[PDB]
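Listing of target.cif; format and content: mmCIF, C-alpha atoms and all ligand atoms.
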```cif
data_query
loop_
_atom_site.group_PDB
_atom_site.id
_atom_site.type_symbol
_atom_site.label_atom_id
_atom_site.label_comp_id
_atom_site.auth_asym_id
_atom_site.auth_seq_id
_atom_site.Cartn_x
_atom_site.Cartn_y
_atom_site.Cartn_z
ATOM 1 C CA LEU A 7 120.728 83.714 137.507
ATOM 2 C CA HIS A 8 120.571 80.213 139.100
ATOM 3 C CA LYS A 9 122.191 76.882 138.191
ATOM 4 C CA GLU A 10 119.855 73.775 137.983
ATOM 5 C CA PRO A 11 121.117 70.223 137.407
ATOM 6 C CA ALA A 12 120.756 68.405 134.064
ATOM 7 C CA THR A 13 122.057 65.039 132.728
ATOM 8 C CA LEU A 14 124.079 64.488 129.604
ATOM 9 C CA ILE A 15 122.169 62.611 126.867
ATOM 10 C CA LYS A 16 124.649 63.573 124.142
ATOM 11 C CA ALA A 17 127.167 66.077 122.759
ATOM 12 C CA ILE A 18 126.259 67.216 119.237
ATOM 13 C CA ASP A 19 129.081 69.599 118.434
ATOM 14 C CA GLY A 20 131.265 72.429 119.820
ATOM 15 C CA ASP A 21 128.265 74.521 120.970
ATOM 16 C CA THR A 22 125.216 72.255 120.939
ATOM 17 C CA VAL A 23 124.500 69.436 123.481
ATOM 18 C CA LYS A 24 121.431 67.401 124.287
ATOM 19 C CA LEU A 25 120.559 67.156 128.004
ATOM 20 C CA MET A 26 117.763 65.622 130.046
ATOM 21 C CA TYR A 27 116.306 68.690 131.763
ATOM 22 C CA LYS A 28 113.469 68.415 134.363
ATOM 23 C CA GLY A 29 113.044 65.012 132.982
ATOM 24 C CA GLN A 30 112.625 65.972 129.281
ATOM 25 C CA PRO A 31 115.427 65.665 126.626
ATOM 26 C CA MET A 32 116.131 69.019 125.009
ATOM 27 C CA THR A 33 118.871 70.374 122.754
ATOM 28 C CA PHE A 34 120.761 73.297 124.323
ATOM 29 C CA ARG A 35 122.861 75.814 122.396
ATOM 30 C CA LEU A 36 125.595 77.650 124.409
ATOM 31 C CA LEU A 37 124.832 81.345 124.945
ATOM 32 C CA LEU A 38 127.225 83.978 123.538
ATOM 33 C CA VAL A 39 129.617 81.865 121.570
ATOM 34 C CA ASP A 40 130.052 80.217 118.172
ATOM 35 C CA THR A 41 132.274 77.230 117.461
ATOM 36 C CA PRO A 42 133.140 76.222 113.819
ATOM 37 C CA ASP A 43 130.486 74.050 112.197
ATOM 38 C CA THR A 44 131.438 70.459 111.273
ATOM 39 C CA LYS A 45 128.323 69.377 109.344
ATOM 40 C CA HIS A 46 127.993 72.417 107.143
ATOM 41 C CA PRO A 47 125.832 71.228 104.158
ATOM 42 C CA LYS A 48 128.225 69.244 101.995
ATOM 43 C CA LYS A 49 131.231 71.227 103.436
ATOM 44 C CA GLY A 50 131.701 68.768 106.231
ATOM 45 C CA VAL A 51 133.846 70.953 108.534
ATOM 46 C CA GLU A 52 135.223 74.443 109.086
ATOM 47 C CA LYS A 53 138.736 74.766 110.520
ATOM 48 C CA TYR A 54 138.714 73.938 114.301
ATOM 49 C CA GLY A 55 135.223 72.417 113.845
ATOM 50 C CA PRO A 56 136.342 68.938 114.862
ATOM 51 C CA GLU A 57 138.626 70.380 117.572
ATOM 52 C CA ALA A 58 135.842 72.474 119.230
ATOM 53 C CA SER A 59 133.527 69.402 119.104
ATOM 54 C CA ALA A 60 135.941 67.067 120.878
ATOM 55 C CA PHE A 61 136.777 69.638 123.498
ATOM 56 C CA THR A 62 133.113 70.090 124.469
ATOM 57 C CA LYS A 63 132.397 66.332 124.183
ATOM 58 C CA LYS A 64 135.390 65.653 126.458
ATOM 59 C CA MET A 65 134.409 68.235 129.060
ATOM 60 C CA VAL A 66 130.768 67.101 129.353
ATOM 61 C CA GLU A 67 131.318 63.342 129.075
ATOM 62 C CA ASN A 68 133.873 63.438 131.925
ATOM 63 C CA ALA A 69 131.954 65.580 134.420
ATOM 64 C CA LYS A 70 130.572 64.215 137.656
ATOM 65 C CA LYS A 71 127.882 67.085 137.504
ATOM 66 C CA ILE A 72 126.292 69.170 134.741
ATOM 67 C CA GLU A 73 124.342 72.362 135.422
ATOM 68 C CA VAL A 74 122.480 74.744 133.130
ATOM 69 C CA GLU A 75 122.038 78.462 133.944
ATOM 70 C CA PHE A 76 119.422 80.419 131.880
ATOM 71 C CA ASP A 77 120.096 84.164 131.391
ATOM 72 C CA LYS A 78 117.474 86.860 131.867
ATOM 73 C CA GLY A 79 115.616 86.909 128.552
ATOM 74 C CA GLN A 80 114.270 84.310 126.018
ATOM 75 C CA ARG A 81 115.158 80.721 127.143
ATOM 76 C CA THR A 82 114.812 79.092 123.729
ATOM 77 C CA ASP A 83 115.826 80.203 120.202
ATOM 78 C CA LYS A 84 113.597 80.010 117.053
ATOM 79 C CA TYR A 85 114.682 76.351 116.587
ATOM 80 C CA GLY A 86 113.364 75.353 120.006
ATOM 81 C CA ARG A 87 116.876 74.889 121.512
ATOM 82 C CA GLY A 88 117.353 75.965 125.171
ATOM 83 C CA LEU A 89 119.775 78.949 125.466
ATOM 84 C CA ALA A 90 122.048 78.632 128.533
ATOM 85 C CA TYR A 91 125.479 78.803 130.147
ATOM 86 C CA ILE A 92 126.498 75.114 130.774
ATOM 87 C CA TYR A 93 128.800 74.207 133.654
ATOM 88 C CA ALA A 94 130.718 70.827 133.906
ATOM 89 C CA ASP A 95 131.865 70.307 137.491
ATOM 90 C CA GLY A 96 131.457 74.009 138.082
ATOM 91 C CA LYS A 97 133.559 75.048 135.085
ATOM 92 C CA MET A 98 131.539 77.100 132.444
ATOM 93 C CA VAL A 99 131.921 75.264 129.097
ATOM 94 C CA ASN A 100 131.129 78.546 127.161
ATOM 95 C CA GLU A 101 134.215 80.270 128.684
ATOM 96 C CA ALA A 102 136.510 77.286 128.487
ATOM 97 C CA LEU A 103 135.976 77.169 124.619
ATOM 98 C CA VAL A 104 136.589 80.957 124.266
ATOM 99 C CA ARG A 105 139.579 80.797 126.530
ATOM 100 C CA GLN A 106 141.122 78.094 124.215
ATOM 101 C CA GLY A 107 140.501 80.034 120.994
ATOM 102 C CA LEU A 108 137.929 77.356 119.931
ATOM 103 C CA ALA A 109 134.928 79.730 119.835
ATOM 104 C CA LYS A 110 134.401 83.509 119.357
ATOM 105 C CA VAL A 111 131.945 85.561 121.364
ATOM 106 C CA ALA A 112 128.957 85.730 118.957
ATOM 107 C CA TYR A 113 125.165 86.302 118.835
ATOM 108 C CA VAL A 114 125.084 88.813 121.546
ATOM 109 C CA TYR A 115 121.330 89.515 122.078
ATOM 110 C CA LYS A 116 120.345 91.804 125.052
ATOM 111 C CA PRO A 117 119.059 91.028 127.695
ATOM 112 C CA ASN A 118 120.786 87.516 127.513
ATOM 113 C CA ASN A 119 124.231 88.908 127.998
ATOM 114 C CA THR A 120 125.012 88.585 131.657
ATOM 115 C CA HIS A 121 128.484 87.010 131.137
ATOM 116 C CA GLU A 122 129.402 89.009 127.961
ATOM 117 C CA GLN A 123 132.197 90.888 129.773
ATOM 118 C CA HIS A 124 133.657 87.800 131.314
ATOM 119 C CA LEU A 125 133.676 86.025 127.985
ATOM 120 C CA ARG A 126 135.077 89.052 126.121
ATOM 121 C CA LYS A 127 138.051 89.175 128.505
ATOM 122 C CA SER A 128 138.796 85.454 127.913
ATOM 123 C CA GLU A 129 138.585 85.998 124.188
ATOM 124 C CA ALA A 130 141.075 88.900 124.391
ATOM 125 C CA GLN A 131 143.446 86.620 126.271
ATOM 126 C CA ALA A 132 143.104 83.812 123.599
ATOM 127 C CA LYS A 133 143.676 86.478 120.875
ATOM 128 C CA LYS A 134 146.749 87.916 122.781
ATOM 129 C CA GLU A 135 147.934 84.297 123.003
ATOM 130 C CA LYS A 136 147.268 83.430 119.260
ATOM 131 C CA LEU A 137 145.427 80.165 120.003
ATOM 132 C CA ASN A 138 143.592 78.030 117.528
ATOM 133 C CA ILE A 139 141.302 80.211 115.589
ATOM 134 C CA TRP A 140 143.434 83.289 116.377
ATOM 135 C CA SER A 141 146.538 81.421 115.307
HETATM 136 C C1 LIG B 201 123.370 81.511 120.537
HETATM 137 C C2 LIG B 201 122.193 81.919 119.698
HETATM 138 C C3 LIG B 201 121.941 81.499 118.380
HETATM 139 N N1 LIG B 201 120.740 81.902 117.831
HETATM 140 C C4 LIG B 201 120.462 81.788 116.349
HETATM 141 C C5 LIG B 201 121.136 82.786 115.476
HETATM 142 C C6 LIG B 201 121.362 81.871 114.221
HETATM 143 O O1 LIG B 201 120.138 81.655 113.414
HETATM 144 P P1 LIG B 201 120.217 81.262 111.785
HETATM 145 O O2 LIG B 201 120.245 79.782 111.722
HETATM 146 O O3 LIG B 201 119.100 82.056 111.397
HETATM 147 O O4 LIG B 201 121.697 81.706 111.304
HETATM 148 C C7 LIG B 201 121.720 80.524 114.766
HETATM 149 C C8 LIG B 201 123.147 80.268 115.172
HETATM 150 O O5 LIG B 201 123.186 78.877 115.497
HETATM 151 P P2 LIG B 201 124.240 77.787 115.219
HETATM 152 O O6 LIG B 201 125.593 78.366 115.468
HETATM 153 O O7 LIG B 201 124.027 76.536 115.937
HETATM 154 O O8 LIG B 201 124.103 77.775 113.640
HETATM 155 O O9 LIG B 201 120.891 80.489 115.914
HETATM 156 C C9 LIG B 201 119.791 82.651 118.490
HETATM 157 O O10 LIG B 201 118.683 82.828 117.952
HETATM 158 N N2 LIG B 201 120.054 83.159 119.733
HETATM 159 C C10 LIG B 201 121.200 82.695 120.343
HETATM 160 O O11 LIG B 201 121.465 83.266 121.391
HETATM 161 CA CA CA B 202 128.129 77.058 115.706
#
```
Rewrite the structure from the file as structure tokens, please.
Ligand SMILES: Cc1cn([C@H]2C[C@H](OP(=O)(O)O)[C@@H](COP(=O)(O)O)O2)c(=O)[nH]c1=O
Ligand SMILES: [Ca+2]
Amino acid sequence: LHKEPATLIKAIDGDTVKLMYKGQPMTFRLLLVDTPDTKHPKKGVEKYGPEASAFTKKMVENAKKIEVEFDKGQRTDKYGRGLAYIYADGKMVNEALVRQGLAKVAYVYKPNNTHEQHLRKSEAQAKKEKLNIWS
């Protein structure tokens, strides 16, 4: 896979961020995970929703460098969002959320599953530690 640079435009929520990519603003959705929704229609927030959102917003707004890494299949979803692994100063945001119990490994669609193992191990560790959502 290969990492390419991108620039933060804005964090939307725990798993969705807007970036300027190759000079065009696009919304990206983090591959392989799912954070709790905060703007569920009328609902206004699932437990850990707000928590997942600030974590991601904090990681990306404080980075010196952001990089996106596409997997091997489809690079956009049916909503037109780019599907990638996002790295903030070389730290993968997708894994950081899972490791904290603020996301679960979800939407696993072959062939975009290069880091599925890696993420599954971090989830196991967050479950074995009873963090956030596994609390
Ligand atoms: C991460 C991911 C989500 N999606 C789809 C599945 C879900 O569609 P539906 O809206 O049909 O449920 C939705 C999950 O997105 P959100 O978690 O942002 O809702 O996006 C993909 O199509 N491929 C992906 O890899
Ligand atoms: Ca979500």
**Request:** Identify all residues satisfying the PyMOL selection byres (((not hetatm)) within 12 of (chain B and resi 201)) in the given file; provide them as a ChimeraX atom specification.
**Result:** /A:18-23,33-47,55,76-91,100,109-119,122
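In this model, the gap between CA of residue 120 (chain A) and CA of residue 63 (chain A) comes to 24.6 Å.
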**Prompt:** For this file, the PyMOL selection byres (((chain A and resi 128-140) around 9) and not hetatm) selects which residues, as a list in words?
**Reply:**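 Those residues are residues 53, 54, 101, 102, 104, 105, 106, 107, 108, 109, 110, 111, 123, 124, 125, 126, 127 and 141 of chain A.
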**Prompt:** Taking into account all atoms listed in the file, which residue in the set A:58, A:64, A:97, A:69 is nearest to ligand CA 202 (chain B)?
**Reply:**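 The shortest atom-to-atom distance to ligand CA 202 (chain B) comes from A:58.
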**One-decimal distance in Å that lies between CA of residue 95 (chain A) and CA of residue 29 (chain A)** =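 Separation between CA of residue 29 (chain A) and CA of residue 95 (chain A): 20.1 Å.
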**Asked** Could you work out how far CA of residue 70 (chain A) lies from CA of residue 98 (chain A), giving the answer in Å with one decimal?
**Response** 13.9 Å
**Request:** Using the chain letters and numbering of this document, enumerate as a PyMOL selection string the residues selected by the PyMOL selection byres (((chain A and resi 25) around 10) and not hetatm).
**Result:** chain A and resi 11-17+22-24+26-34+72-74+88
**Asked** Which residue gives the smallest distance to ligand CA 202 (chain B) among A:56, A:67, A:94, A:9, with all atoms listed in the file counted?
**Response**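 Smallest distance to ligand CA 202 (chain B) is found for A:56.
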Enclose the full set of atoms of region 136-140 of chain A listed in the file within a box whose edges lie along x, y and z, apply 6 Å of padding to each of the six sides, and report centre and edge lengths in Å to one decimal as AutoDock Vina command-line options.
```
--center_x 144.3 --center_y 80.7 --center_z 117.8 --size_x 18.0 --size_y 17.4 --size_z 16.4
```
